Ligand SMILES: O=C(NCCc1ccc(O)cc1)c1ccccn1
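The chain that follows stands alone, in the form solved without the named molecule, written as structure tokens.
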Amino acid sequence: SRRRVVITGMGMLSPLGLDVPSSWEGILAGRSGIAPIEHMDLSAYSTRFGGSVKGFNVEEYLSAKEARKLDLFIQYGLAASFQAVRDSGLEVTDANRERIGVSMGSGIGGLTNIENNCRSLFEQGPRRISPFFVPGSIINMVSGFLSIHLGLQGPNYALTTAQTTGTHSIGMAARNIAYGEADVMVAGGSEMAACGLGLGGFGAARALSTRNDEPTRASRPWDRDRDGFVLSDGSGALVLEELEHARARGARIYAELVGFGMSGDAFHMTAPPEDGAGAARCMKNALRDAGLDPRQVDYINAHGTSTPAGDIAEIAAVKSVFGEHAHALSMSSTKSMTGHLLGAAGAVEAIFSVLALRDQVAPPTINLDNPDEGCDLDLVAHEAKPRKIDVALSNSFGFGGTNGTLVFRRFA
């Protein structure tokens, strides 16, 4: 038998807000976080908009000196992690610090820092590269700096599974707790790829929406006029905790994490199979891991990136898994509002899945004006839908065919 894992703290930076409650208020109001990117000449680029974090104040978390040493993606991941640990009320002590670990990941890591140090290198040669370039740019430094700041001595690692990062990070942290390797994990992801290389690199793959005239309408999952994803920035962190540990200290418990599934499509480097066979296997694995029948699912936070092929694969995968129940559940893409936070997508969406359980409401898929051929599910078009939600899934289907599904259930 395995131990039970619950969520006792959450933290976030998103295009909708500088914390969880601000972000969630935006989600339930159908607000878009997408706008023209500022303080950057994107004249030469095919996409000039995305989901920026607005008004982030790193000196709430770090000294100016420690912030200068760290890429924005690390700053964001530390902000969400500190928020999550504060929200949990956990007291770190000599008696528990060996039982508290971190798994905060990133899809792309420190592209901004790499770009600025390429400039130094090409213009002035190697002797002007910053001394803190390597440790301030590498993906495992959110887990590193968080563990140093809070004295965490448990499992310390970082996933990098592209757009699946935040989902895998939370799932694997849940395994650490369930199998007795930790009692508490801080888990999630962070991303800041809005630099020349990010907008330019996704742009060169023609993966991005180029709807520059109407950025708030660009991200339109399952809409027949969708033309690729919207790049966004931010972070999500959850405090995962063994159930008896949480009860013994009187923790507030948001929800229980009952299932985690993984699969590989083994199909294509960037596109999923048309029928979403891999995503279907992954959801089936997660439900098996939770000991739940597909009929018990009420709400799915889709991957829903606004790509032609990805959006239709998810509809096929949900029809396959859920059969006669596929229309009864509600499925929405909060990327319609947040855009695609890449490695942090699964983390902010796990938080939105937990809050859908707390508040008994399916967030909307905004901009779903004209559902595409076969997109006839309950996709919660336009407006939030209050409803019964006992069991909520959150899916991530990323580059490389790598799939993750989390299953959350109401706790009482």
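Under this definition, the rigid core comprises the largest set of C-alpha atoms superposing within 1.5 Å between the forms. Quick note: we count residues from 1 along the sequence shown, nothing fancier.
- [ ] Superpose on the core, then say which of 379-387 and 38-46 ends up with the larger RMS Cα offset from this form in 9 other deposited structures of this protein.
- [x] Looking at 38-46 versus 379-387 in 9 other deposited structures of this protein, the farther one turns out to be 38-46.
- [ ] Tell me which of 297-305 and 162-170 has the higher mean C-alpha B-factor in the deposited entry.
- [x] Averaging CA B-factors over each stretch, the winner is 297-305.
TODO: On mean C-alpha B-factor from the PDB entry, just flag whether 320-328 or 146-154 is the higher one.
DONE: Per the PDB record, 320-328.
Task: Highest recorded Cα temperature factor - choice among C195, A182, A255, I74 - done: That would be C195.
Open item on the list: Checking the record values for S137, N116, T93, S81, which has the greatest CA B factor?
Closed with: Highest C-alpha B-factor among the listed options: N116.
Open item on the list: Split into thirds by Cα B-factor across the chain's modelled residues, where does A67 land: lowest, middle or highest?
Closed with: Ranked within chain, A67 CA B lands in the middle tercile.
- [ ] Ordered by C-alpha B-factor within the chain, which third holds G398? Give me lowest, middle or highest, please.
- [x] As the PDB entry reports it, the C-alpha B-factor of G398 lands in the highest third of its chain.
TODO: Would you please rank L42 by its C-alpha temperature factor against the other modelled residues of its chain and give the third it falls in: lowest, middle or highest?
DONE: Its C-alpha B-factor, which the entry lists for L42, ranks in the highest third among residues of this chain.
TODO: Sort the modelled residues of this chain by their C-alpha B factor and say whether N285 lands in the lowest, middle or highest third.
DONE: According to the entry, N285 has a C-alpha B-factor in the chain's middle third.
- [ ] Would you check the entry's CA temperature factor for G201 and let me know if it's in the chain's lowest, middle or highest third?
- [x] For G201, whose C-alpha B-factor we compare with every modelled residue in the chain, the answer is the middle third.
Beyond the structure shown, there is the form deposited with the named molecule bound, which is absent from this document and is the topic of what follows.
Task: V85, heavy atom within 4.5 angstroms of the named molecule in the deposited complex - done: Residue-level check for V85: yes, a contact with the named molecule.
Task: Contact flag, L90 vs the named molecule in the deposited complex, heavy atom cut 4.5 Å - done: So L90 counts as contacting the named molecule.
TODO: Mark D41 yes when one of its heavy atoms lies within 4.5 Å of a heavy atom of the named molecule in the deposited complex, and no otherwise.
DONE: Contact check for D41: no, nothing within 4.5 Å of the named molecule in the deposited complex.
Open item on the list: If we define contact as a non-hydrogen atom of the residue within 4.5 angstroms of the partner, is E60 a contact of the named molecule in the deposited complex?
Closed with: Yes - in the deposited complex, heavy atoms of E60 and the named molecule come within 4.5 Å of each other.
- [ ] Look at the stretches 371-379, 60-68, 32-40, 346-354 and give the one with heavy atoms within 4.5 Å of the named molecule in the deposited complex.
- [x] Selected range: 60-68.
- [ ] Determine the residues of 234-262 with a heavy atom within 4.5 Å of the named molecule in the deposited complex and present them in sequence order; the list may be empty.
- [x] Going through 234-262 in order - heavy atoms within 4.5 Å of the named molecule in the deposited complex - there are no hits.
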